[PDB]
């Protein structure tokens, strides 16, 4: 009956936690605040995301890269199985996306 | 070096013996004398034929049928293996060609 | 819904001859469905019925629960945007390069930001292995390479249903093997629903989750690949195995052979 | 002669690009020879070289020991009568029935008597299983049924060499299985020499006595069917088995992926 989508993000110390659906219709608020949301961070937690489309994964890669440009290596924690299937389809190397 | 073709036929009592090549270029003299060469006969001897093309086999079927119309059943003796392969290709029944 | 497309007792007639006698067919969403049958049965017709370009005489064609023939012209126009009939005409703009082709749909019909759109096309070009050909033109593209770029642009908007009309014809086994793995890869990853019409029976059954065989204006047999290739039925076995003679006779009915050879 | 067609160091060039780099190929008479390779290599070109419609830049094409490019126009015209390139245009007269089509060659170019000519066409119509369609027209003929009537008229004059240019494309496995058995039957019975170009690798190797694989303007590998399908060579194995990736890369050379995703 109800199929609403949202995307939220909370930074706790050095870890950024995304939760909700990470897809095309809701990712704009995060991209506009991309540089402010990831630059205190050294680990992105997709632990609490339920859906990831191709555009949302592209946003994730840019978020990972923005933290790499700061100079601190970043961890990927809690990634869903389907996201890795999508990454394997796009042959995403270890640079853009840690496994 | 020499590749000449001929077709001969000799009737000995009740058996007609064909010898030579039974093909398109040499079969006309026999077809023009078809009714005279097969009507004392009740067995056709392809024992001594070396080559049989599709037209020559058609001549053989008409020779077999002309003897059938007389009222005496006819034998087929000495048929080469390749002739039967040709008959199997054309699905020739037991009526037109005894085996 | 469990079935993205659901045909219910569908009959279609052209001129004097009937093509379909109330057929009922199912395409479960998220899975690959294969349509097979002799040439001239109406496979392309059956696809255009799902698309809405032609309407059946009787029956209903429910896409995502919605009946296509009864749709408004405004609604059918929008519902068709969730579909993609691949290897049609149009496919690729001939005046822009490969990257611009695959990017063109998102550049207009989505309001995704620009740097993410750019990364999205790069990924989808890697999916069909044409990332190095991003600056090439369709003029220079190979035979198979062109069709892979069409597939890339098709999945650019990520439609719900993709239909392939004999996509393997005239293709060498390398070109064909690539497109078979590609279709199976995009189905198991993006979850796109695929309908594949083909005569290449062994290749299509290797990736299909459900198959259908048509003959004599009706559905002969359906089922899974393992269920079909183990189905002992002469008219099903003759088609799946490609045997010269069976319930489809090799020989046209002729009558008495002896009379045709020896008349008067 | 042992080889009806014998190509010796044959090179052919169109415009700026070279198609053949002194190829040397063999067609033994009485046996079925198969030509395979990716689309655009020059398979149709190689056939027209044997036929004489085009001449090579260098080399010699010996049909029955006689070099075709050096033949007189009077001699090439007569030598071509021993050949038949099948499933061309012309094939069937559209204004006369099936029997009259297959009978037309013998009715003029042979001086066989009439009742034997009539029986001969009936037999050859039974060979392709169309004796019941003798009074039908090409208008009414099915897809596969039409091509079987063309095959019947082709073997009506019993030529020495028959060439098939991708004869199986767009065909269901029943239609294809019929034409495969037909070709193999006419070869083992009439001894006609057959050259078959095709992409349907498993079907053509089942009846071929010798096969050839072409890639990069040259012959990759030849040999018998059992010798080829047991040949462990990556570029031979990738083609015969239809593997997506191999010596023919699935991925176009692209460079650094990370930079294409994340620029500035």
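Going in written order, the chains are labelled A, B, C and D, and every chain counts its residues from 1.
Just so it is clear, a residue touches a chain if its C-beta (ideal position, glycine included) is under 8 Å from a C-beta of that chain, and two chains touch if they have at least 3 such contacts.
Student: Matching over half of the contact pairs by residue number, can you pick out the copy of the A-D interface from B-C, A-C or B-D?
Tutor: Repeat of the A-D interface: B-C.
Student: Would you say B-D or B-C is joined by more C-beta pairs in contact?
Tutor: By the number of C-beta pairs in contact, the winner is B-D.
Student: Averaged over CA atoms, how far is the centre of chain C from the centre of chain D? Could you give it in whole Å?
Tutor: Computed from C-alpha means, the inter-chain centre distance equals 30 Å.
Student: Between chain B and chain C, what's the gap in Å when you average each chain's C-alpha atoms?
Tutor: 56
Student: Would you kindly tell me how far, in whole Å, the mean C-alpha position of chain C lies from that of chain A?
Tutor: Chain centres of chain A and chain C, defined by C-alpha means, are spaced 35 Å apart.
Student: Which chain B residues touch at least two other chains?
Tutor: Within chain B, the residues that touch at least two other chains are 58, 61-62, 91.
Student: Which residues belonging to chain C are in contact with no fewer than two other chains?
Tutor: Each of 119, 123, 126, 257, 261-262 in chain C touches at least two other chains.
Student: Under the touch definition given earlier, write down the residues of chain D that touch chain B in their complex.
Tutor: Residues in contact with chain B: 110-113, 115-117, 119-120, 123-124, 126-127, 158, 185-186, 188-190.
Student: Where on chain B is chain D touching in the complex?
Tutor: 24, 27-28, 31, 53-55, 57-59, 61-62, 85-86, 88-92
Student: Applying the document's contact rule, which stretches of chain D touch chain A when the two form their complex?
Tutor: The touching residues are 257-258, 261-262.
Student: Can you tell me which positions in chain C touch chain D when the two form their complex?
Tutor: Checking each residue of chain C against chain D gives 36-40, 118-119, 122-123, 126, 129-134, 142-145, 166, 169-178, 180-181, 199, 201, 238-244, 246, 248-255, 257, 260-263.
Student: Note which residues of chain B are touching chain C in the complex, please.
Tutor: 58, 61-62, 65, 91, 93, 95-96
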